[PDB]
Structure formats: C-alpha cells, structure tokens
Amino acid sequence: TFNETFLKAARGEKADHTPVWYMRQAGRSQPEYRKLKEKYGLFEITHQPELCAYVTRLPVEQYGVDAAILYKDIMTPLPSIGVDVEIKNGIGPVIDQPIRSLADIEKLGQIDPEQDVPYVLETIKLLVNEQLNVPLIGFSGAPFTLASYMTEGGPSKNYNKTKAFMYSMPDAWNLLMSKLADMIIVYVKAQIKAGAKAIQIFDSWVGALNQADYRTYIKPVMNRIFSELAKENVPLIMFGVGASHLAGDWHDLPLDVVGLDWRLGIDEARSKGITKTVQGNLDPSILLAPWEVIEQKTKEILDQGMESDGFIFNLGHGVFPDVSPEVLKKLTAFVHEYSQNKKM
C-alpha cells in the first residue's frame, strides 16, 4: 500500500498520523552510505542510477519515514548551463572560475535535462515506477544559493563578495537570476515528469539577506519560479537555515509548504499569519541530548503542529554526520505513535 500521509499533510488534508522525514536523512550519519562512498566514490553515487536509488531509499527502509528525498548534489544542473563544477575529495564540487562580469553571465546556456542530466531522470523513474511506496521529493538549490557558489568560488561565512556583486551590478544580477531561474524550472519540471510528487527548494544561504534586500534582489525571481512550478500540481516547499525573518515573504510566494528552522516556532508562525502548511522545527543538535530532552522538545513541536492538518515534522536543519541512526529510528516511531494516538 502506498503511504499518502506526506502529501495529505502537504496540502492541509486530514491524515491518520503526522508524517516525518529529515533533511540529509541519506548521508554521512549512516554507516552504509559511508562504506558505499569509500567503495564507489562521490561521483558514482551522485551519478549512477542503481547507486543514487539505493542511497535515496535507505532511510525509508531503516527509519520508516513518510518521504524520500532524492539524493544528489545541489550543483548537479550547473555544468549544463556552462559552469564547471570541479574540486577533489572531501570538499568535492567547487567552482574553478567565479562569475565576475556581465559577459560571464551572458555566455551561460540552457539545460536540456533529457540530454544533459539523464542519470537523475532515470533514478527518479527507477525509484517511483519500481521501488518506493512512499512519495519522492525532488529538489533544486535556489538562485541566491547557486549564485553564491558561482560568485564566491571559495568558501564563505558571510557572502560579502556575492552581496557586493548583487549591490554593485544589479543588471548583471538580474540576468544571473533569470538564467538560473530558467535552469531551475526546466530541471524541476523534468524531475516531476520522471515521477517526483513534491519538490523542495533549498535556499541554504539566503538568510544572509535582510527582508529589504530579499524583496529587492531575490523575491521577484522566486515568484517567477514558483508561479511556473505551480502548474505542475505538486507540493512546493522551501527551506533555508537562519531565515526566520524571511518567513512571511516566503509565505507570499505561490509555494505550498514553508520550512522552519528552530528559531520560528509553530504557534509563533501561525500568530504571524503563516497559514500554509509548515514543515519541521527540531534543532538537529537536540538529537545529541539525552532522550528526555529529545522527547520533551519533540512533543512540544508536535502539540503545536497538530493544531492544524498542514504540518510535516522535520528538523530545523540537516542531519549532521554524528547523529545516531538509532536515535532517528526511535524519533520517527515516537512521532508516528504519539501523533496517531492524538488524532484518534
């Protein structure tokens, strides 16, 4: 039987229990992911269908979560438009020559996912048409986050170079946003057609921006991306850490689910007119506290979230490497058992 719990919650419909999944549920927290990675390498496991499919499905099998998140690199579509993502082991995909001028942006092309990223289309097809009895979430990075990779080149805590570029070259910035939007929409559209039943947009670094600059430089292209993607008739989610101050503006966009970090609580969100379905809150660092703490913190979040039907439980950030899979197994059952009891 197909588990519809996640999609019911995503569209604010009644369901029997609260659905769960975790950002980075498939990844370094799992002993088998690591082993597979050291055996086949990052490239084969981000690019080989039989392998990507295994990594994606594992957490579902091991935790009994209500959704699978497609395992792949956030930078996957970039080479299609002419940006070369290189690197070399432990800090793999990095960008050789950063965006510096308007002429760099003008030479950017277009994705043809059927031809350019066939391996991801095939993985989705294998997973959806043949493997999962749980919905598959496809994903893409957002424009700001992708532009930050393309513009910093090297690693950044503050995103000064990216933001200075944004401020100094508004016209170039707008064109870059447009080129990336083109790519994101086509990339996401192909993921949905191949089987994906929801999509999450990760805007990991956009919390570096205040509300004023989000609206000036970022909000319009986001409006374009979600307005287009809404025609695909699948739940659209957005998450980025440290971006609580941007929740209302995200709520304005034609997305369906607003992902929260641990600094905007559910009652607080509703109290601010956040009315669409809400995703996750649990601070990932709590997963390292004694069970007493995990439970008290999780029960509080569930209690608030179960006030309406539009609620998916998740963390307020990604699972990190030294999180115990045993803790995630136990957490997932607690959420399921606690919520279904409540909903009886």
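Residue indices: 1-based, along the sequence shown.
- Per-stretch averaging of Cα B factors for 239-247 and 89-97 places 89-97 on top.
- Across the two stretches, 104-112 and 149-157, the PDB entry reports the greater mean Cα temperature factor for 149-157.
- Residue 313: CA B factor lies in the lowest third for its chain, per the PDB record.
- In this PDB entry, residue 321 carries a Cα temperature factor that places it within the middle third of its chain's modelled residues.
- Among all modelled residues in this chain, the alpha-carbon of residue 139 has a temperature factor (C-alpha) in the lowest third.
- Compared with the other modelled residues of the chain, the Cα B-factor recorded for residue 118 ranks in the middle third.
- When all modelled residues of the chain are sorted by CA temperature factor, residue 259 is found within the lowest third.
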